**Q** 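Sharing a structure here in structure tokens format.
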Amino acid sequence: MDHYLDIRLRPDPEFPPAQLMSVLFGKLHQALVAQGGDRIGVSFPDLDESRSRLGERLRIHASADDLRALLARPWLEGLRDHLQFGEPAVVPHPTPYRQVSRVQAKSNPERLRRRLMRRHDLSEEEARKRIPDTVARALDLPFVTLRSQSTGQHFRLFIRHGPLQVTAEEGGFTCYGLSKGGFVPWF
RNA sequence: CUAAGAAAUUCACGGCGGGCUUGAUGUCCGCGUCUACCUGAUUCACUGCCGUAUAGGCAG
């Protein structure tokens with residue numbers, strides 16, 4: 001956790017950086033699924049909260065063995081033309097800590113209507129009256145649009161950075177690099 | 001401080017009966033429309049699960 005690897009987005013004359021970010025995030029998700037482990041933290045060094053911008057720089061946080069296992073994986077092939085890869089340097093000691101969390105939303109009422117059909121055996125009009133169409137959740141959070149190998153539907157994954165703390169305790173990490181209770185340093 | 005200031009047009013009404021517009025007609029010769037383009041920007045806010053929950057989380 002003491003080390004970090006920094007990825008900068010090369011500007012692209014054919015693609016805006018958002019879909020490049022989505023592609024690389026899917027590649028690192030596949031790399032972490034293949035590699036395993038629960039000590040991989042993500043960071044957005046230039047996250048703009050004014051317009052919910054993802055940013056043009058990426059920071060991944062891991063240990064030395066985890067970082068060399070990640071860079072040894074051949075997922076990096078086919079993406080070197082658009083990114084920078086620095087060195088697994090030690091993170092600065094006086095750094096505030098913040099958490100990253102995947103915030104999902106119930107933006108589609110018909111999914112929950114189908115769910116309550118499978119839970120309470122209600123009819124179509126019962127679910128229509130019980131759940132209006134205005135219950136959609138709109139999030140002013142940065143997001144990435146990806147499709148999964150298990151389910152081919154394209155899903156949107158919101159990423160939100162927590163408040164700055166002064167210390168961090170041990171926690172877990174998901175397959176996306178998002179923390180289920182962990183923290184990443186800010187610098 | 002205005003060619004300032006003021007004001008009831010209104011009651012009633014049968015327009016109609018009749019009619020052959022028809023004869024004839026050459027539109028027409030000629031014609032280089034070209035050249036050059038990322039539709040796509042996160043544009044699939046989607047599928048399922050824990051929960052009575054629309055309250056609120058979780059899974060790829």
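So that the names make sense, note that chain A is the first sequence line, chain B the second, and so on, each numbered from 1. Values reported hereafter were calculated over all heavy atoms of this structure, with side chains retained and with hydrogens, waters and symmetry mates removed.
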**Q** Using the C1' atom in both, what is the distance from B:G57 to B:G51, to the nearest Å?
**A** 9 Å
**Q** Considering just the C1'-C2'-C3'-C4' torsion, please state whether B:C44 has a north or south sugar.
**A** south
**Q** Have a look at B:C31 and give me syn or anti from its glycosidic angle (syn if within 90° of zero).
**A** anti
**Q** Tell me whether the ring of A:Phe155 lies stacked over the B:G60 base, given a 5.5 Å limit on centroids and a 30° limit on the plane angle.
**A** yes
**Q** Measure the distance from CD on A:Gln104 to P on B:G51 and round it to the nearest whole Å.
**A** 17 Å
**Q** Using the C1' atom as the point on both nucleotides, what is the distance between B:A59 and B:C46, in whole Å?
**A**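 14 Å, rounded to whole Å.
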**Q** Which nucleotide sits closest to the side chain of A:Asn108: B:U42, B:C46, B:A59?
**A** B:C46
**Q** Do both conditions hold for B:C13 and B:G14, namely six-membered ring centres separated by less than 5.5 Å and ring planes inclined at less than 30°?
**A**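 Not both cut-offs are satisfied, so the bases of these neighbours are not stacked.
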**Q** If I take atom CZ in residue A:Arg156 and atom P in nucleotide B:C46, what distance separates them, rounded to the nearest angstrom?
**A** 8 Å
**Q** Any chance the side chains of A:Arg156 and A:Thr145 put a donor and an acceptor closer than 3.5 Å?
**A** yes
**Q** What is the glycosidic conformation of B:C46: syn, defined as within 90° of 0, or anti?
**A** anti
**Q** Is it the case that B:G60 (base atoms only) and A:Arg102 (side chain only) share a donor and an acceptor within less than 3.5 Å, ignoring hydrogens and angles?
**A** yes
**Q** Just to confirm a value in my table: B:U52 sugar, north or south, sign of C1'-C2'-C3'-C4'.
**A**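 Judging by the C1'-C2'-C3'-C4' torsion, which comes out positive, the sugar of B:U52 sits north.
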**Q** Can you tell me, in whole Å, how much space there is between the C1' of B:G14 and that of B:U10?
**A** 23 Å
**Q** Decide if atom CD of A:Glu14 counts as having more than 12 heavy atoms of other residues, nucleotides or ligands within a radius under 6.0 Å.
**A** yes
**Q** Using the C1' atom as the point on both nucleotides, what is the distance between B:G15 and B:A3, in whole Å?
**A** 48 Å
**Q** Write down the distance separating the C1' atoms in B:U25 and B:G32, rounded off to the nearest Å.
**A** 38 Å
**Q** Just confirming the chi classification of B:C50, syn or anti, using 90° around 0 as the syn window.
**A**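 Here the answer is anti: the torsion falls beyond 90° from 0.
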**Q** Calculate the interatomic distance between A:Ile159 atom CD1 and B:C58 atom P; express it in whole Å.
**A**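 Going from CD1 in A:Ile159 over to P in B:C58 covers 14 Å.
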**Q** Considering only B:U47, B:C46, B:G60, which nucleotide approaches the side chain of A:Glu110 most closely?
**A** B:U47
**Q** Using the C1' atoms only, state how far B:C50 lies from B:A55, rounded to an integer number of Å.
**A**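 Each nucleotide's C1' atom is 14 Å from the other's.
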**Q** Could you tell me how far apart A:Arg113 (CZ) and B:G48 (P) are, to the nearest whole angstrom?
**A**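 Rounded to the whole Å, the gap is 14 Å.
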**Q** Starting from P on B:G56, measure out to CD1 on A:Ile131 and report it in whole angstrom.
**A** 13 Å
**Q** Send over the distance from A:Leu146 CG to B:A59 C1', rounded to a whole Å.
**A** 15 Å
**Q** Counting side-chain heavy atoms from C-beta on, which of B:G48, B:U42, B:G60 comes nearest to A:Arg114?
**A**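 Selected nucleotide (nearest to the side chain): B:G48.
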**Q** Would you say A:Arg115 places a side-chain N or O within less than 4.0 Å of OP1 or OP2 belonging to B:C50?
**A**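 Affirmative; the distance criterion is met.
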**Q** Evaluate the side-chain proximity of A:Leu54 to A:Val144: yes if any heavy-atom separation is below 4.5 Å, no if none is.
**A** yes
**Q** May I have the distance from A:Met117 (atom CE) to B:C49 (atom P), rounded to whole angstrom?
**A** 12 Å
**Q** Please determine whether a side-chain nitrogen or oxygen atom of A:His120 lies at a distance below 4.0 Å from atom OP1 or OP2 of B:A53.
**A** yes
**Q** Measuring from the side chain of A:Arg119 (C-beta onward, heavy atoms only), which nucleotide among B:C46, B:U42, B:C50 has the closest atom?
**A**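 For A:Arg119, the side-chain atoms sit closest to B:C50.
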**Q** Can you spot which of A:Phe173, A:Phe44, A:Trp186, A:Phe187 makes a ring pair (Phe, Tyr, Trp, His ring centres under 6.0 Å) with A:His61?
**A** A:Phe187
**Q** Apply the syn/anti split at 90° from 0 to B:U42 and say which one it is.
**A**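 Nucleotide B:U42 adopts anti.
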**Q** When you check the glycosidic angle of B:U33, does it come out syn, meaning within 90° of 0, or anti?
**A** syn
**Q** Expressed in whole Å, how much space separates the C1' atoms belonging to B:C34 and B:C38?
**A**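 So the two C1' atoms sit 24 Å from each other.
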**Q** Please indicate the pucker of B:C49, north or south, going by the torsion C1'-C2'-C3'-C4'.
**A**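 Positive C1'-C2'-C3'-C4' torsion, north pucker.
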**Q** Out of B:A45, B:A41, B:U42, which has the shortest distance to the side chain of A:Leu139?
**A** B:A45
**Q** Can you check whether A:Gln19 has a side-chain N or O nearer than 4.0 Å to OP1 or OP2 of B:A41?
**A**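 Answer yes for this pair, as a side-chain N or O of A:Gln19 is under 4.0 Å from OP1 or OP2.
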**Q** Check every atom of B:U42, B:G60, B:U47 against the side chain of A:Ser148 and return the nucleotide holding the closest atom.
**A** B:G60
**Q** For the side chain of A:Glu14, counting heavy atoms from C-beta on, which of B:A59, B:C44, B:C38 is nearest?
**A**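 Shortest atom-to-atom distance from the side chain points to B:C38.
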**Q** Is the distance between the six-membered ring centres of B:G19 and B:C20 below 5.5 Å, and is the angle between those ring planes below 30 degrees?
**A**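 No, unstacked.
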**Q** Does A:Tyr176 have A:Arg102 sitting over its ring (NZ/CZ under 6.0 Å from centre, angle to axis within 45°)?
**A** yes
**Q** For atom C1', what is the distance between B:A53 and B:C49, given to the nearest Å?
**A** 15 Å
**Q** Quickly, which of A:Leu58, A:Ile7, A:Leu76, A:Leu79 forms a side-chain contact (heavy atoms from CB on, under 4.5 Å) with A:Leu28? Name it, please.
**A**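 Output: one option passes, namely A:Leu58.
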**Q** Assess the pair A:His154 and A:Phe143: is the distance between their ring centroids shorter than 6.0 Å?
**A** no
**Q** Between A:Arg113 and A:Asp133, is there a salt bridge with N-O shorter than 4.0 Å?
**A** yes
**Q** North or south: which describes the sugar of B:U25, going by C1'-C2'-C3'-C4'?
**A**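 Of the two classes, B:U25 takes south, because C1'-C2'-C3'-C4' is negative.
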**Q** Round to the nearest Å and state the distance from A:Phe158 atom CZ to B:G56 atom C1'.
**A**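 Computing the A:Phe158:CZ to B:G56:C1' distance gives 17 Å.
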**Q** Label B:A7 north or south, basing it on the sign of the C1'-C2'-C3'-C4' dihedral.
**A**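 South.
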**Q** Given the cut-offs of 5.5 Å for six-ring centres and 30° for planes, are B:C49 and B:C50 stacked?
**A**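 Judged on centre distance and plane angle, the pair counts as stacked.
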